[PDB]
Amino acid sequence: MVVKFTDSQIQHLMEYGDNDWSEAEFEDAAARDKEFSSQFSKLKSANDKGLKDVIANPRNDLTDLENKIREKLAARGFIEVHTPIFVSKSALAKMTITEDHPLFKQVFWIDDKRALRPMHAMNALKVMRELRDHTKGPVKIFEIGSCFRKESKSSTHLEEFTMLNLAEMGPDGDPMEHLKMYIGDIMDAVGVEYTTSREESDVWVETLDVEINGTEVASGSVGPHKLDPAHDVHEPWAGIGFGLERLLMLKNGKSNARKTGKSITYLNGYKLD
């Protein structure tokens, strides 16, 4: 008659760690509580030790990751942009984010037309379309900034999280080949092994699912999309958005099903409260 950690114990453990304690089984209640107190003390000790080291040696892993990504993309000729968080309902639709899209329900709305961006794609292609007027070759940009999606039980994102989005319009070659190359640069900066799978699409020219340790991290997209509310850009282009806190969580290899993103309770992954 095996027992597992209580729901309260699982909640406590996943706040201070990245392992998966949901499948740990024990002989009875006593062994369960004995192993919880041991593991919780170790996590609490490692958390407070790490937090003291951050005060003594200040650092921000997210900032460090962002600057390493900038170094990688700068070497590829990418321009970094800062675009507004507010996006229109029309721009969302032209990125296939219509009322039928499952992301439409997760969108925060400021008014009846302005919304908090759930992704950088809408603003990215607006900037690149303007840059085409100033160059005849590939347009390569990226942005690092907050995106907003209402929290659901299925998504491991917090309501606010930091997304890196990169895009190339009019590449000198296959867009998907270039996209794969740029994803390699991002995973190098994170320092993690990864897998990619080219998938057929009724919406895009092609999609590229990226997985780390068997967990899907992001999905890339190529070319103009095929949906009836079409986009203004008809040149071939590729882009992909990565949740940076998610990449930092999967950096150590483990995933604790704890939602990643902007939090006031965590600092370099260590619990403050």
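Each residue number is its position in the shown sequence, starting from 1.
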Query raised in the report: When the C-alpha temperature factors are averaged for each of 255-263 and 7-15, which stretch ends up with the higher value in the entry?
Result: 255-263
Requested in this report: Going by the average Cα B-factor in the PDB entry, point out whether 178-186 or 98-106 comes out higher.
Outcome: 98-106
**Report entry** Criterion, highest CA B-factor; candidates, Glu211, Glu235, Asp33, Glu66
**Finding:** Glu211
Query raised in the report: Out of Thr135, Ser146, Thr83, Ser152, which one has a C-alpha B factor higher than all the others in the entry?
Result: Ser152
Report task. Rank-wise, by C-alpha B-factor, drop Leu248 into the lowest, middle or highest third of its chain. Result -> middle
Report task. Using the B-factors in the PDB entry, rank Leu51's C-alpha atom against the chain and give the third, lowest, middle or highest. Result -> lowest
Report summary line: Temperature factor at the Cα of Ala230, chain-ranked in thirds, falls in the highest
Query raised in the report: Which third, lowest, middle or highest, does the CA B-factor of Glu200 fall in along this chain?
Result: highest
Report summary line: Sorting the chain's modelled residues by C-alpha B-factor and splitting them into thirds places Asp111 in the highest
